[PDB]
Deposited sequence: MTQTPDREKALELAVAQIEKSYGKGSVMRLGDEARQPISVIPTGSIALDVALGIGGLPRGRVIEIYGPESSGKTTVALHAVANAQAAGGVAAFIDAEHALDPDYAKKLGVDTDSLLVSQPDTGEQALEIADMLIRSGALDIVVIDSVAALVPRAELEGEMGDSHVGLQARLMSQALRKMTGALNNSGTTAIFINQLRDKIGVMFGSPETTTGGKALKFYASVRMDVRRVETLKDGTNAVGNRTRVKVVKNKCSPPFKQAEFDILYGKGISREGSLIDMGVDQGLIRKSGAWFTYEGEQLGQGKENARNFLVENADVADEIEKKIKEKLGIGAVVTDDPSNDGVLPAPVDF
C-alpha cells in the first residue's frame, strides 16, 4: 500500500504527462475546474459534466434518436455562449432549425451565423475557416449523418465519409484548442461518428424517458443524458431534466431537483421548502415560483454550485 501508492501515482503522472490531463482518472475524483465553460441549461447536466458545462476548445458529440432533445441541449449551449458575449455559428446540413423555438430558449438568432453547405467537406471546411478566425466561442454541426461527400452527391468507393470526418477532425481539433472554440457535433442513432468517438472530449447520450403531463395533454418530456465519454472529469455520470415544448429545458426544474438532492431544498410531503420559507406545493408550483422569483432561483443556483464546487 505505501510503496505501491507511489509507483501508482508515478505511473498516473507519466500517463498524464505523456498523453494529457484526463488520460487516466479514478471515477470518484473531483473535477478540475476550468476558468470558463459553456453551461448547458440544466444544473443537473452541468454537474454531470463535472466542470459545470461544456469544455472550451474541445470537440463535443451529442447523439440520440430523433427529437430526443439533443438539439435543444445544443441550442442552450449556443444561447449561454452568446449571453456571455460570444459569437456562434450553426453548420446546417439538416435544414430543420426552428428559429422561434431557439429564440424562446435564449438564442440570439439575429447574430447567429448560419451556413447551409453544399457538401460534407464544404461544411467541415467552412467550420474550420470560422474556427481559425479565433472569433467564435461555439460552432454547432447539424448533423454528422448529413455530411454527405461530394463524390456521392456528384454521382460517382463507398467508405470515404468516414475518411472525410477523420481527415477533417485531425485538422479541426488543433484549430479548436488554439482558438478556444467549442465544436458540437450532433449525431443520430451515425456514419462518421467512429472518428468523432475518439476525437471528442465529451460524448453525451440523449433520450426521452417519459411524457410530462399537463392534466391530460403533452407539455413536454423528461429527458435523460448520460455523459458516456468525458476527458475533463470522471465519465459515465447522468442527468435528468425537463424539456417543455415551446420553452426548452426547465432551468427552474433542475434547480429544484438538484436542490432536494443536495439537501438545500427540504420537503414536507408535497411542500418544497427553502431556508424555512415555502417554495410551493408540488413541483409545478415550486417551479412556477422560481421563474416568478428569479432572485431566489439565482440564490438556490449559487448555493448548489458552492456545495459542489462547480
Which parts of the deposited sequence lack C-alpha coordinates? 1 to 3, 160 to 163, 197 to 209, 331 to 350
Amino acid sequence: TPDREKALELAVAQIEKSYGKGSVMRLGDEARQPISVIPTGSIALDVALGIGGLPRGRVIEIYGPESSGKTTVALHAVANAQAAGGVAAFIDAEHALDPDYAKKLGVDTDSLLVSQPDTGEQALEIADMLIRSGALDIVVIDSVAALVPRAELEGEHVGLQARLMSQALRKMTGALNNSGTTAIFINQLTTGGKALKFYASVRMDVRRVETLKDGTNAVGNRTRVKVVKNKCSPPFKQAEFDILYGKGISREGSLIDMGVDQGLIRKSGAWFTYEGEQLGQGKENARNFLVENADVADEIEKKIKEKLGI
From here on, numbers count along this sequence of modelled residues.
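Just so we're on the same page, rigid core means the largest C-alpha set that superposes within 1.5 Å between forms.
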Please pick 208 to 216 or 91 to 99, whichever has its Cα atoms farther from the shown form in 9 other deposited structures of this protein after a rigid core fit. 208 to 216
So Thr190 is built in this one, but is it left out in a third or more of the other compared PDB entries that include its neighbours? yes
Between 288 to 296 and 16 to 24, which has the larger average Cα B-factor in the PDB entry? 288 to 296
Pick between 160 to 168 and 117 to 125: the one whose mean CA B-factor in the entry is higher. 160 to 168
Kindly indicate the residue among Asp137, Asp142, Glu210, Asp100 with the greatest C-alpha B-factor in the PDB record. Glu210
For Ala74, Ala88, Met204, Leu189, the deposited C-alpha B-factor is largest at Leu189
Report the third (lowest, middle or highest) to which the CA temperature factor of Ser179 belongs, ranking only the modelled residues of the same chain. middle
Please say which third, lowest, middle or highest, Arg56 falls into when its CA temperature factor is compared across its chain. middle
Lowest, middle or highest third: where is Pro149 by Cα B-factor in its chain? middle
Temperature factor at the Cα of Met258, chain-ranked in thirds, falls in the middle
Among modelled residues of the same chain, the CA temperature factor third for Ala239: lowest
